[PDB]
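[1] Kindly return the folded structure for what I paste below:
(7 chains)
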Amino acid sequence: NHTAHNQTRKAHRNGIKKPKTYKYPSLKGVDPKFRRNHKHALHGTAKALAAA
Amino acid sequence: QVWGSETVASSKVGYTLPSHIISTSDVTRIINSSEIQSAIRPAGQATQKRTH
Amino acid sequence: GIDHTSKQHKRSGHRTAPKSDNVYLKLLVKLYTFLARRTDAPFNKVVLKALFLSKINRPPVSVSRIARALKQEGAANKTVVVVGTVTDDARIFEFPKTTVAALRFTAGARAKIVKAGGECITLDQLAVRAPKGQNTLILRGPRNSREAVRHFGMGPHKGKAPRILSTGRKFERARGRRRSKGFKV
Amino acid sequence: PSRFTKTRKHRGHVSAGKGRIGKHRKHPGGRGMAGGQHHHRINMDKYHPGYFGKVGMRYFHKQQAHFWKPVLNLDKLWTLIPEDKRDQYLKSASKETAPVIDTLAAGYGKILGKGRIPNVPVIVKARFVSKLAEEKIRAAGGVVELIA
Amino acid sequence: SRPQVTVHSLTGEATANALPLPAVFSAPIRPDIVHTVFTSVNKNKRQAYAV
Amino acid sequence: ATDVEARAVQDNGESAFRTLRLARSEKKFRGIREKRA
RNA sequence: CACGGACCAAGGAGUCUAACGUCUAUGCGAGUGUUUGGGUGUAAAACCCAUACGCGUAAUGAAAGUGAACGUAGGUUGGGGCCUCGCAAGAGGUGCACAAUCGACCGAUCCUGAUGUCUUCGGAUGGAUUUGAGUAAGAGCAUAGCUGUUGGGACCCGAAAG
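    Numbering: from 1, shown residues only, chains lettered A, B, ... in the order given. Right below this line is the structure:
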């Protein structure tokens, strides 16, 4: 009936792993109103660097 | 005329004899070649002494 | 006694010789061990540690992958190194002259490379023309392009495939795959 | 090879790799895909989701010969030609005569669009075609001759 | 460049007419699969047994 | 045999995809259109 | 102060198969598989082989059905290695695989609904916090081996019963 004895040990054997952040994370939850404009902005910057 | 060669193809359909993976079997002729021995470092002491 | 931080007597999870018994691979191992020991180059070491690999971690590199590699800025006259197999690609129609070095060529890949003036080389002639790793371009094929990785991490909302044999509209499309029948997952 | 199996390495060890507390008993868990919505539910809902339900409608007496539409893209079209002649059709075809390709004899029922081709006129005989795959052929200089 | 091998007679004498080595003999000599093949090809002439 | 290997091209003004896409539709709508009369 | 076991010999218990997963070895490689069958034979072997078939090369949808390049097959960040300069440290360029990310393409769903049109057919175009076991210079097929899985007498012996 719910002993928690020997769970922390089992966790710490193979360790408690931090999530390993990245650069450029996901944009699934952000304001779509901002998502669209970002999509239009980056193409413009790509084009402006395609020349210069 | 059975197994074929570089010149004449086999009576066997769609059969070329297997291609080698290495050219020569005497690796020492490769090792003791001027291209290699003019590019490796100098050796020393197949078996070396017991310091301390 | 000793309070231990590390698992004791733990092998390094790498392999340091091929599980194969191809004597003509033992020889190239004998060779690149030498050229990795008695040299200050890492190309030799990379090739050594690549010869040990299994058939899925040592995949085929298409002749078009090659042609794309030679299209890079300045890589147009290098000599190319595949430590696997080099497979033809009929989707192309213009192949350069170059020099490819690899273990096994297929008979179409040899012929295209030869019809375009090039030559197909083994990794023993390449160590003669290039011990310290000169003008070389190492290529690797794709590993995640398999029918088996398609199922790894299979679970909910991961977007992966099930291990399955027969496909259709009756086979794993009903419940847990739409909102009408139960729920979606 | 039985000399290579782990039944040999377990001679001596009572409880031959199947345990002491809980043993190798005789079908615990049911026989088969049983308990798929009772006690194996959170496997069948994790690893095989889509089991347990009807979807779509029934086609009594399906013959899989009606639904013979193998695809080809515009990459293997020049593989259908024999290797000895596509040489002298590629560099050639600055002439008027154009190679003709019978995909139905190649074993194909539709041609598709994936990829590119050279600006070399062909004639392509097939019973089904995609829009992009006609657009590319006409652009090259060719034409499509529906058959059957 | 292909080497020659000389034709012997029934009396033991070597003739003059010598012959080029085929390409089979330059082929790779791979004991791994001459063995992997033999362990499966020496099984084909078997007769069943049972009780 | 079938037609001659390596003959000439007659790129006329038609579209094969559209032809098929229409032959499907007239086969579909023959019976409803003959009821329209 | 729980069970079996008086002693000895011999026998005695995770196997075989069908279909499969991961992993490894091998052959060939956008193909692969000879062996249902035929030819052949020193005769259940070995050797040779057409045509089809299977798996794979194209998915998606309940289905009709449609069906994968705006781009030096994209950009950004990292990335081994290679090249360049350097006494070296380092700087730059190139950057396969791989990982994160924004996009482009195919199909499905929702929306927009053009040229024309048997006047209701057709559906170009541009979109969408939607969706897919997808595309994006292919990676698989066959055999074999350990482990593992399901059904099979199924590790060996065992019921009351029907």
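[2] how deep is residue C:151 tucked in, by neighbour count?
    With neighbours defined by other C-beta atoms under 10 Å in any protein chain shown, the count for residue C:151 comes to 14. All C-beta spots, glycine's among them, are computed from the backbone N, C-alpha and C.
[3] same thing with residue D:74?
    Number of residues near residue D:74 (other C-beta under 10 Å) recorded here: 22.
[4] OK, contacts around it?
    Residues in contact with residue D:74, defined by C-beta atoms under 8 Å, 6 or more residues apart in numbering or on different chains, are D:111, D:112, D:113, D:114, D:115, D:116, D:117, D:133, D:136, D:137.
[5] hang on, the last one packs against residue D:119?
    I take that to be residue D:137. No. Using C-beta atoms under 8 Å, residue D:137 is not in contact with residue D:119, being 11.0 Å away.
[6] So those two - more neighbours on which side?
    A count of neighbours by other C-beta under 10 Å puts residue D:137 above the other of residue D:137 and residue D:119, at 23 against 9.
[7] can I assume the more buried one sits in a helix?
    Yes. Per DSSP: H, G, I helix; E, B strand; the rest coil, residue D:137 lies within a helix segment.
[8] so how far is residue C:60 from it?
    The spacing between residue D:137 and residue C:60, counted by C-beta to C-beta, to the nearest Å, is 31 Å.
[9] tell me the centre residue of chain F?
    The centre of chain F sits closest to residue F:19, judged by C-alpha atoms, centre = their mean, with a distance of 3.5 Å.
[10] thinking that residue is in contact with residue D:146, fair?
    Yes. Between residue F:19 and residue D:146 there is a contact under C-beta under 8 Å: 6.7 Å.
[11] Let me know whether stretch C:48-61 sits next to chain E.
    No. Applying C-beta under 8 Å from any C-beta of the partner chain, one finds stretch C:48-61 separated from chain E by no less than 14.8 Å.
[12] residues in contact with that stretch?
    By C-beta under 8 Å, 6+ apart, the residues outside stretch C:48-61 that reach it are C:14-19, C:25, C:28-29, C:32-33, C:36, C:82-87, C:102, C:139-143, C:145-146.
[13] Out of these, which sit inside helices?
    Within those, residues falling in helices by DSSP state H are C:25, C:28, C:29, C:32, C:33, C:36.
[14] so how far is RNA strand G from residue D:107?
    Residue D:107 sits 7 Å away from RNA strand G, going by C-beta to the nearest atom of the strand, to the nearest Å.
[15] Wait, that residue touches residue D:69, no?
    No. Using C-beta under 8 Å, residue D:107 makes no contact with residue D:69, being 11.5 Å away.
[16] intersection of neighbour lists for these two?
    By C-beta under 8 Å, 6+ apart, no residue touches both residue D:107 and residue D:69.
[17] what's the burial count for residue D:129?
    23.
[18] how about the residue of chain F found nearest chain E, secondary structure?
    The nearest approach of chain F to chain E comes at residue F:5, 36.3 Å away (C-beta to the nearest C-beta). Secondary structure for residue F:5, judged by three-state DSSP, is coil.
[19] Show the contacting residues for the closest residue to it other than its chain neighbours.
    Excluding its sequence neighbours, the residue lying closest to residue F:5 (C-beta to C-beta, 6 or more residues apart in numbering or on different chains) is residue D:100, at 6.1 Å. Residues near residue D:100 by C-beta under 8 Å, 6+ apart: D:122, D:123, D:124, D:125, F:3, F:4, F:5, F:6, F:7.
[20] Verify the contact between the first one and residue D:136 for me.
    No. In this structure, residue D:122 sits apart from residue D:136 without contact. The criterion is C-beta under 8 Å, and the distance is 10.5 Å.
[21] out of the two, which sits in the busier spot?
    Counted by other C-beta under 10 Å, residue D:122 and residue D:136 do not tie: residue D:122 has more neighbours, with 25 against 18.
[22] ok, the spatially closest residue to that one that is not a sequence neighbour - contacts?
    Counting by C-beta to C-beta, 6+ apart, residue D:122 lies nearest to residue D:142, which is 4.4 Å off, once chain neighbours are set aside. By C-beta under 8 Å, 6+ apart, residue D:142 lies in contact with D:98, D:121, D:122, D:123, D:124, F:9, F:11.
[23] Count the residues that sit near residue C:124.
    By the criterion of other C-beta under 10 Å, residue C:124 has 20 neighbours.
[24] burial count for residue 20?
    I went with chain A, as the question did not name one. Using other C-beta under 10 Å, residue A:20 has 5 neighbouring residues.
[25] my bad, chain E
    Counted with other C-beta under 10 Å, residues neighbouring residue E:20 total 11.
[26] Give me the distance between it and residue E:14.
    Relative to residue E:14, and taking C-beta to C-beta, residue E:20 is found at 16 Å.
[27] And residue D:46, by the same measure?
    Separation of residue D:46 from residue E:14 (C-beta to C-beta): 78 Å.
[28] Among those two, which residue is more densely surrounded?
    Neighbour tally, residue D:46 and residue E:14, criterion other C-beta under 10 Å: the higher count belongs to residue D:46, 13 against 10.
[29] Surely the more buried one and residue C:155 touch.
    Yes. Here residue D:46 reaches residue C:155: they are 5.9 Å apart, a contact under C-beta under 8 Å.
[30] hey, where'd the strands end up in the chain?
    Since you didn't name a chain, this refers to chain A. Applying DSSP state E to chain A gives no strands.
[31] Actually, chain E is the one I wanted.
    Along chain E, counting by DSSP E, strands occupy E:4-8, E:14-20.
[32] Dump the ones you listed into CSV; add distance to chain C as well.
    Converted to CSV, the strands of chain E look like this (distance: least, C-beta to the nearest C-beta, whole Å):
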stretch, distance to chain C
strand E:4-8, 25
strand E:14-20, 24
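[33] between those, which gets nearest to chain F?
    The nearest among those, by C-beta to the nearest C-beta, is strand E:14-20 at 41.3 Å.
[34] Please see if the closest one touches chain B.
    No. Strand E:14-20 is not in contact with chain B by C-beta under 8 Å from any C-beta; minimum separation 9.8 Å.
[35] Closest approach to chain E from chain C, which residue is it?
    When scored by C-beta to the nearest C-beta, chain C has residue C:21 as its residue closest to chain E, at 4.3 Å.
[36] Could you verify my assumption that that residue touches residue E:34?
    No. With contact defined as C-beta under 8 Å, residue C:21 and residue E:34 do not form a contacting pair (11.3 Å).
[37] which one of those two has more residues nearby?
    Taking neighbours as other C-beta under 10 Å, residue C:21 and residue E:34 compare with residue C:21 leading, 13 against 9.
[38] burial count for the residue nearest to that one when sequence neighbours are not counted?
    Leaving aside its sequence neighbours, residue C:21 sits nearest to residue E:32 (C-beta to C-beta, 6+ apart; 4.3 Å). Neighbour count of residue E:32, defined by other C-beta under 10 Å: 12.
[39] so what's residue E:32 up against?
    C:20, C:21, C:22, C:23.
[40] filter those residues to the buried ones?
    Applying 16 or more other C-beta atoms under 10 Å in any protein chain shown to the contacts of residue E:32, the neighbour count classes residue C:22 as buried.
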